[PDB]
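The lines below spell out each chain.
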Amino acid sequence: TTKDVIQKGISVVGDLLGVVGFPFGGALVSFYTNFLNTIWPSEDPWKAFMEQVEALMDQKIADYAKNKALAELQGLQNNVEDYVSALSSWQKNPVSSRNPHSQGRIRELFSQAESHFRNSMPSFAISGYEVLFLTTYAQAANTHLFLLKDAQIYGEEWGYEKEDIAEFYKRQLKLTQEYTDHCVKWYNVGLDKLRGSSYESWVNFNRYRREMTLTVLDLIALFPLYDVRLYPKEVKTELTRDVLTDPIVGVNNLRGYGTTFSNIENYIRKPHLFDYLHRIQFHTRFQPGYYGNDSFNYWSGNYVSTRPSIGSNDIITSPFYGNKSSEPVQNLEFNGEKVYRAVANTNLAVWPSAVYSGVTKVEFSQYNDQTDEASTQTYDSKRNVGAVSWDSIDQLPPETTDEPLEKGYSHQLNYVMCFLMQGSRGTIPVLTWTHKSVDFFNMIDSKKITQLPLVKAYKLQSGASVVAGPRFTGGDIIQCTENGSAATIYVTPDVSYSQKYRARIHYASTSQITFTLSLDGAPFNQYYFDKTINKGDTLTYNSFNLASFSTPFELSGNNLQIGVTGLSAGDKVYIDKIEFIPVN
């Protein structure tokens with residue numbers, strides 16, 4: 001269920017990834033038409049977003065609050081549609097038909113929509129219903145901000161006063177901070193409300209966390225890229241966060257045998273440098289049926305191996321998860337394959353006073369981007385397989401239903417972990433996924449502004465570590481506590497000739513610091529950076545600063561090293577991303 005809103009959520013993010021930064025006119029209009037068909041066609045999507053959170057929270061919005069929200073949304077739809085049709089005409093029509101009379105038409109349509117948004121927003125944030133209105137608020141907030149940036153692109157063409165364009169910009173800055181902070185605050189409120197002790201508590205908790213990531217958190221991560229003044233070119237970026245699909249189980253009710261909340265939550269992957277699925281070792285066990293005829297084999301445990309980010313080749317192998325094999329081990333290798341789907345079979349044996357169930361078969365769909373070919377690899381228990389009961393596509397739909405899956409998928413497999421049920425009743429497998437936008441090569445685009453997340457480094461040093469992200473950056477961050485080197489990231493230049501770049505850094509610091517940049521161990525850039533926070537402070541939107549390095553440089557190597565100095569006892573520096581600006 002709810003796959004509809006999940007798909008809409010996934011698609012919007014996927015489309016926006018193509019019109020982020022300063023977009024070209026044709027691309028902007030194309031986006032807008034899909035946008036209107038997806039998010040703004042009727043009241044149906046809005047109603048579905050409200051029901052989505054009500055389902056996750058097991059609470060309902062007061063009818064009066066639900067109705068007013070829907071009323072505001074009908075009005076906002078008209079404003080958006082009227083605006084888009086006019087914008088479309090403007091782009092299409094030559095720089096001749098632009099008379100003062102048509103300029104005023106577009107100016108008032110724009111002013112109306114923008115104003116209606118500021119006025120309506122509080123309706124999606126009524127006291128006591130903040131969490132329940134989260135996906136609705138996130139989608140409305142996104143529209144408002146996306147709409148706003150248009151004033152910086154077409155402002156002068158439309159004949160707006162310098163004062164008007166400026167007022168719009170300040171308004172965009174204030175709202176980007178507010179809307180972001182609002183979403184993170186209530187996201188967390190909801191998350192804590194779902195913490196429990198049972199296995200059933202954890203499934204709910206994790207479903208909320210995954211669904212809120214796809215529909216809210218991924219979206220707010222794009223907001224800063226709507227600043228076409230700071231980002232006067234197209235932006236190449238990616239989402240580095242993990243999402244965990246629902247556990248694969250044969251029965252709807254485990255009658256108390258499900259792994260406890262703590263035994264799952266405390267053992268799932270902790271903030272780590274980015275990596276890729278490399279290998280899986282399947283362990284199988286025999287489950288006897290009370291009458292022999294009803295027996296079956298099942299996936300009991302596993303090993304997982306991942307390869308790090310480009311620049312390092314040493315394979316990381318996981319501890320053993322679950323139970324040792326009673327049957328012959330099965331190994332699947334993924335070197336240079338992208339797992340875009342996983343479909344599973346489960347089976348059960350009913351005993352006089354017990355039920356035993358397990359995952360008997362798993363079919364993995366893989367795509368080879370090098371040899372441009374799809375194929376499948378499967379795990380088979382080999383004894384009484386049963387039927388398919390779990391499909392990843394239901395939880396992680398494709399970005400587009402237009403293209404074939406191997407082209408339009410939204411996520412790929414990163415991790416596999418087996419949990420043991422209480423009292424030796426079986427094994428629960430849990431799968432971790434990563435977003436399709438992640439570029440393995442860490443490629444620096446010669447025409448765009450490239451955002452490089454620090455978690456794409458292959459080596460941390462001087463006691464630098466991966467820490468949980470503040471929920472609005474699309475992934476995790478790097479914490480620096482000592483003076484010295486911090487991270488080494490491998491970079492792939494897209495051009496051969498001596499193209500020059502400017503670097504910008506998105507960070508947070510308790511003190512004034514010095515950042516140093518090196519290529520293949522040779523320093524080339526060193527600069528002074530401001531303090532952004534006080535010791536102890538929690539990280540909100542304003543905690544981060546985006547600052548340039550003075551001097552331009554060429555990519556005469558691949559190994560980029562970031563180093564920090566100027567720290568004192570108790571000082572901390574958080575690094576999110578490094579950006580490259582193609583310059584002449």
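**Observations regarding the pairing of strand β8 (residues 338-351)**
Then comes step 1: For β8 and strand β9 (residues 354-368), the ladder comprises 13 bridges, and the chain directions are antiparallel. Each bridged residue has a counterpart across the sheet, and for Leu-348 the counterpart in β9 is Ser-357.
Then comes step 2: In sequence, β8 turns back onto β9 through a hairpin of two residues.
Then comes step 3: Bridge count between β8 and strand β11 (residues 387-391): four bridges; the pairing is antiparallel. Its bridge partner lying in β11, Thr-346 is registered against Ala-387.

**Considering the sheet that holds strand β26 (residues 559-565)**
Then comes step 1: Overall, antiparallel pairing links the five strands, which are arranged β16-β19-β26-β22-β23 in an open sheet. In the strand order of this sheet, the two ends are held by β16 (459-460) and β23 (522-529), each with one partner.
Then comes step 2: In terms of strand pairing, strand β22 (residues 513-519) meets β23 through seven bridges, oriented antiparallel. Residue pairing in the sheet places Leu-519 in a bridge with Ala-522 of β23.

**Thoughts on the pattern of salt bridges**
Side chains that differ in charge, positive against negative, can pair when their charged atoms come close.
Then comes step 1: As enumerated under the stated definition, the model contains 24 salt bridges in all.
Then comes step 2: A salt bridge links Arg-171 to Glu-114, with the nearest nitrogen and oxygen atoms 3.4 Å apart. With a gap of 57 residues between them, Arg-171 in helix α7 (residues 162-193) and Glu-114 in helix α5 (residues 100-120) connect regions that are remote in the sequence.
Then comes step 3: With a shortest N-O distance of 3.6 Å, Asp-476 and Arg-471 are connected by a salt bridge.
Then comes step 4: Judged by its relative accessible area of 23%, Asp-476 is partly exposed.
Then comes step 5: Taken together, the salt bridges that share partners define one network made up of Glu-114, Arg-118, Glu-167 and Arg-171.

**Remarks on the sheet that holds strand β10 (residues 373-380)**
Then comes step 1: Taken together, the four strands give an open sheet; going across it, the order is β10-β9-β8-β11, and neighbouring strands pair in antiparallel fashion. Whereas interior strands pair on both sides, the edge strands pair on one side only; in this sheet they are β10 and β11. On average, adjacent strands in this sheet sit at an angle of 30° to one another, irrespective of strand direction.

**Brief notes about α5**
Then comes step 1: Compared with the 30 Å implied by 1.5 Å per residue over 21 residues, the 30 Å span of α5 between its first and last C-alpha is a close match.
Then comes step 2: Here α5 has its buried residues at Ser-102, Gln-103, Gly-104, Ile-106, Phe-110, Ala-113, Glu-114, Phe-117 and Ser-120.

**Some points on the domain arrangement of the chain**
As a measure of interface size, the accessible area lost when the parts come together is often cited.
Then comes step 1: Domains assigned within the chain are domain 1 (1-229), domain 2 (230-240 + 438-584) and domain 3 (241-437).
Then comes step 2: Each of domain 2 and domain 3 has a C-alpha centre, and these two points are 35 Å apart.
Then comes step 3: With 25 residues of domain 2 at the interface, the matching set in domain 3 holds 16 residues.
Then comes step 4: For the pair domain 2 and domain 3, the summed buried surface comes to about 1700 Å²; carbon and sulfur atoms form 64% of the total.
Then comes step 5: Remark: the boundary between domain 2 and domain 3 carries zero salt bridges.
Then comes step 6: Remark: the boundary between domain 2 and domain 3 carries seven residue pairs in polar contact.
Then comes step 7: For the side of domain 2 that touches domain 3, the elements supplying multiple residues, two or more each, are β16 and β17 (465-467).
Then comes step 8: Grouping the constituent residues of the side of domain 2 that touches domain 3 by class yields 14 nonpolar, six polar and five charged.

Reading guide: rules and limits
- Residues numbered from 1 in each chain as written, not as in the entry; some residues may be left out.
- Heavy atoms only, no water.
- Residues with missing side-chain atoms left out of burial classes, pairs and counts.
- Pairing = 2+ DSSP bridges.
- Helix = DSSP H or I, 4+ residues; strand = E, 2+ residues; numbered from the N terminus.
- Salt bridge = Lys/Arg side-chain N within 4 Å of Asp/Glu carboxyl O.
- Buried < 20%, exposed > 50% of the residue type's maximum accessible area, 1.4 Å probe, protein only.
- Axes fitted to C-alpha atoms, helices over the stretch in contact; angles between N-to-C directions.
- Expected span 1.5 Å × (residues − 1).
- Domains from an automatic or database assignment.
- Contact = heavy atoms within 4.5 Å.
- Buried area = accessible area lost by both parts, 1.4 Å probe.
- Polar contact = N/O pair within 3.5 Å; in protein donor to acceptor, adjacent residues only side chain to side chain.
- Nonpolar A, V, L, I, M, F, W, Y, C, P; charged D, E, K, R; others polar.

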